[PDB]
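Student: In the deposited numbering, the protein residues as written are 4 to 294.
Structure provided below as C-alpha cells; questions to follow.
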Ligand code: HEM
C-alpha cells in the first residue's frame, strides 16, 4: 500500500486557515458541551483514533483514507463517544465541501490543541478519501486495563518509541473518561480544557488509590477527585517511562516541543509526500489574528 498525498485542487494556505478559523470559532461558541469542558478534548481524541489504526507492516489504516465516515469504523466500541466530535465537524464540512475527510479530522485535532493554548502543530494537507472496503477492522486501538509492557508493544505497531509514547500520553490531562463510553469515570486533573504538563505533575505528586468503579473496572483514584487509567499509571511503574515522566513534569517547554513532533508524526503516518508538495502549514490561532 502506497498512499500519496494530493493537494485538494487549487487550494493553498489561505483556504486551510479559513477551515481552521471556522473550527476554532465554533469551539468558542458551543462552549457548554460536557459540563462546560467544550469540544476541544473530544476533537483531539478523534484525530488520534482515526490515525491510531495505522499498521507500519502493511501500511493499512491511518488518517489518509478518512474511513471513520463508514459504519464499521464509526461503530467500533473503542470509538464510543467520538460521534460527538463528528457531529461538531459536520456543519464545517458542509461549509467547505472541497476538504477531504482525513484532512478535516486531522485539522480538527490540530485546531483544538492550539486553541486550548498548546504548542503549534505543523500540519500538511492532501489526504484522499478511499472506498468503504479500505476501512480497517475493529480491534486496532489499545485497551485501558493493561501494563507498561502492553503500551510499549502496542506503540511499536505505530512506530512510536518510549519518548514519543510518554509525550503523546500527556494529552490525558485533557477532558475526561466517561463511564457510559469506556467503563471508566473521571478527569485526570484540574485544568481539562487548557493544554499544560499537568498529567505528569499529577502522576508524580498525587496519592493514588486502586479502586473499583461502577462498571466493575479498576482505576487509580486520588483524594483530589482525579483518576488515572491502569495504562496511565504504568508510566511511573516502568523505569524507562518514569524518567521521561519526570523530565516533562520538570520542563513544560520540552514537553510542548516533543508533543508537537509526535502528534504531527501520528497524523502523517503512512502518507507519502511528493517533493513538489507544499511545506507544512503553521496556523495562526484566533488570538494572534485578533478574532
Ligand atoms: C495506551 C493508550 C491510550 C489508551 C488505552 C487510552 C484510553 C482512553 C480512554 C479509555 C479514554 C476515555 C474515553 C471516554 O470515556 O470518553 C480516553 C480519552 C482521551 N484520550 Fe486516550 N488513550 C490512550 C492514548 C491517547 C493518546 C495517544 C491521545 C492523544 C494524542 C489520547 C487522547 C485522549 C483524550 C484527549 C481523551 C479525552 C476525550 C474526552 O474528554 O472526551 N489518548 N483515553
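Even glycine gets a Cβ: it sits at the ideal position worked out from N, Cα and C.
Per DSSP, which residues does residue 189 bridge with? Please list them.
Tutor: Answer is 180.
Student: Go to residue 224, then tell me how far its beta strand (DSSP E) extends in each direction, as first and last residue.
Tutor: Note, residue 224: beta strand (DSSP E), 221 to 225.
Student: Just reading off the alpha helix (DSSP H) that residue 32 is part of, what are its end residues?
Tutor: Residues 16 to 32.
Student: Look up residue 214 in the DSSP assignment and give the residues it is bridged to.
Tutor: DSSP output for residue 214 lists 222 as bridge partner(s).
Student: Pick out whichever of 18, 122, 78 has its Cα sitting closest to the Cα of residue 288.
Tutor: Nearest C-alpha to residue 288: 122.
Student: Would you check whether the ligand HEM has a heavy atom nearer than 8 Å to the C-beta of residue 241?
Tutor: Checking the Cβ of residue 241 against the ligand HEM gives no.
Student: Excluding sequence positions up to five away, which residues of its chain have a Cβ less than 7 Å from the Cβ of residue 220?
Tutor: Result list for residue 220: 148, 186, 187, in chain order.
Student: Could you check the C-alpha separation between residue 34 and residue 133 for me, to the nearest Å?
Tutor: When rounded, the distance between both Cα atoms is 33 Å.
Student: Using only alpha-carbon positions, find the residue among 96, 111, 155, 26 that is nearest to residue 51.
Tutor: The residue with the shortest Cα to Cα distance from residue 51 is 111.
Student: Identify, in the order they occur along the chain, each residue of the same chain with its Cβ nearer than 6 Å to the Cβ of residue 114, setting aside the five sequence neighbours on each side.
Tutor: Contacts found: 23, 26, 27.
Student: Quick check on DSSP: helix, strand or coil for residue 138?
Tutor: Coil, per DSSP.
Student: Determine the burial state of residue 167: buried for a count of at least 16 other Cβ atoms within 10 Å of its Cβ, exposed for fewer.
Tutor: With 16 or more Cβ atoms within 10 Å of its Cβ, residue 167 is classed as buried.
Student: Could you check what DSSP says for residue 102 in three-state terms: helix, strand or coil?
Tutor: Note: residue 102 maps to coil in three-state DSSP.
Student: Buried or exposed: where does residue 61 fall if 16 or more other Cβ atoms within 10 Å of its Cβ makes it buried?
Tutor: By the neighbour-count rule (16 or more Cβ atoms within 10 Å), residue 61 is not buried but exposed.
Student: Can you look up residue 6 in the DSSP assignment and give me helix, strand or coil?
Tutor: Correct three-state label for residue 6: strand.
Student: Write down the C-beta distance between residue 56 and residue 144 rounded to the nearest angstrom, noting that I regard them as a contact closer than 8 Å.
Tutor: Indeed, because the Cβ distance is near 7 Å, the residues count as touching under 8 Å.
Student: For residue 58, which three-state DSSP category applies?
Tutor: In the structure shown, residue 58 sits in a strand (DSSP, three-state: E or B).
Student: For residue 48, tell me which candidate among 89, 278, 101 has the shortest Cα-Cα distance.
Tutor: For residue 48, the nearest C-alpha among the options comes from 89.
Student: What's the C-alpha gap between residue 205 and residue 136?
Tutor: About 43 Å.
Student: By how many angstroms is the C-alpha of residue 258 removed from the C-alpha of residue 236?
Tutor: Going by the C-alpha atoms only, they are around 18 Å apart.
Student: Looking at the ligand HEM, does it come within less than 8 Å of residue 179, judged from the CB to the closest heavy atom?
Tutor: True, at least one ligand heavy atom lies under 8 Å from that Cβ.
Student: Can you look up residue 91 in the DSSP assignment and give me helix, strand or coil?
Tutor: It is helical.
Student: Just the C-alpha distance for residue 44 and residue 172, rounded to the nearest angstrom, thanks.
Tutor: If I take the Cα positions, the gap works out to 13 Å.
Student: Let's see if you can read the secondary structure: which residues bound the alpha helix (DSSP H) around residue 73?
Tutor: Neither: residue 73 is in no alpha helix (DSSP H) and is coded neither H nor E.
Student: Taking Cβ positions, are residue 239 and residue 125 nearer each other than 9 Å?
Tutor: No. Outside cutoff.
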